[PDB]
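Encoded as structure tokens, the following chain is the form deposited in one PDB entry, with no partner shown.
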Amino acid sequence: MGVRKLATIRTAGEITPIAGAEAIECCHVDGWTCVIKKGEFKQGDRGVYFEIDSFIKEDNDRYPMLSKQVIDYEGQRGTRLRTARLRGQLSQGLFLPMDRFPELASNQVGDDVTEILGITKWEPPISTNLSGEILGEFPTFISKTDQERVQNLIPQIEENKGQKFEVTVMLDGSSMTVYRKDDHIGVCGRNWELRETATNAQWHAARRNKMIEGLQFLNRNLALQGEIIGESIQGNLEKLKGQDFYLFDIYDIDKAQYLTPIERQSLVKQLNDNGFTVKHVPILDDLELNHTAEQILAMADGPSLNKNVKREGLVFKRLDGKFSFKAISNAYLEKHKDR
């Protein structure tokens, strides 16, 4: 899920009427709920579902319903899809019937049609503080930080009932990776490896908590992955003075896998024992899964690291390290229109 699966062929679920608003109804699409024109689908119908964060280029033939939300973004004219609320009812995504896409009459349920519809991914601007000097590509020997949304995991949420999960708070900052491979120690943003300058915010955070020394102490090819947050980083939800790093993952570069949560929270223990103050994203009570997606979304709303603000949401990592997912707070998305 990195620019991929924004537009997929999916199936209408339960179609509920909107009391008082007769021209439209609410369509369940997997874990999503979506406002449609009345009678546009019956339950069981297939259509293309365009997730929130889809950027769709203007076309009043195909996308007239998006006409008066066209904008300029990367010098591209088109409509960003985002969370909205229609008459007390949450609405996320666009769900159009297959008869609208002639080119897709061969395709099958669940096909990713993003590429072939030319759909791109809207994202917030990267923070002005954090565009440093690029050294290299994000190393290909490290995975980027990424979770599938719970809304897209109905059969897997079923399958996993009874399984236990590390539950962690999702922080609104910027992805940062600090790693060792042999004689090299590097620091990465989301997409790129960075040069150490005096102005580099990520390199500064890594020096300060001594996580570089940490990796020199551990003597392993590891990537420390987490969130840089604070002042002048994405509106500073947590109301920090200055800035800081909070780990949420460690990637084993030799074995080419993440460390399970217990593997991970032990290593952090020893770092803090040897004088390496590496902070971890807030960890909550472990979860035994026996929930709907809808229930998981409800538990995502809650307090953040700063417990006086509403959090971005939660991440769930099965304790064997072989299944993880995120649930973004819909309350958060309602309050935060740049999200």
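Quick note: we count residues from 1 along the sequence shown, nothing fancier. Only residues modelled in both forms are compared. For the two forms, the rigid core is made up of the largest set of C-alpha atoms that agree within 1.5 Å on superposition.
For the two regions 131-139 and 167-175, the entry's Cα B-factors average higher over 131-139. When the two stretches 329-337 and 1-9 are set side by side, the higher mean Cα temperature factor goes to 1-9.
Within the selection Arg208, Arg87, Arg180, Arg149, the deposited Cα B-factor values reach their highest point at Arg87. Among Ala256, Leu218, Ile250, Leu194, the highest C-alpha B-factor in the deposited entry belongs to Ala256. Sorting the modelled residues of the chain by their CA temperature factor places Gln202 in the lowest third.
For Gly313, the recorded CA temperature factor ranks within the middle third of the chain's modelled residues.
Ranked by C-alpha B-factor against the other modelled residues of its chain, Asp45 falls in the lowest third.
Among all modelled residues in its chain, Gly186 ranks in the lowest third by Cα B-factor.
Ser54 sits in the lowest third of its chain by CA B factor, as recorded in the PDB entry.
Omitted from view is the form deposited with a small molecule bound, to which the following refers.
Only one of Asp30, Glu58, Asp53, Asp301 comes within 4.5 Å of the small molecule in the deposited complex through a heavy atom, and that residue is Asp53. Contact with the small molecule in the deposited complex, judged by any heavy atom within 4.5 Å, is made by just one of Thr168, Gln89, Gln243, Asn200: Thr168.
Picking from 130-138, 68-76, 203-211, 169-177 the stretch near the small molecule in the deposited complex, with a 4.5 Å limit on heavy atoms, gives 169-177. In the deposited complex, the small molecule sits beyond 4.5 Å of every heavy atom of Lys335. Though the partner is left out of this view, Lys317 does reach within 4.5 Å of the small molecule in the deposited complex, counting heavy atoms only.
Residue contact check for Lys181: none of its heavy atoms lie within 4.5 Å of the small molecule in the deposited complex. With a 4.5 Å cutoff on heavy atoms, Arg82 does not count as touching the small molecule in the deposited complex; it lies far away.
Residues present in both forms were compared between the shown form and the other one after fitting on the core; the only consecutive run of three or more with every C-alpha moved by 2 angstroms or more is 1-4.
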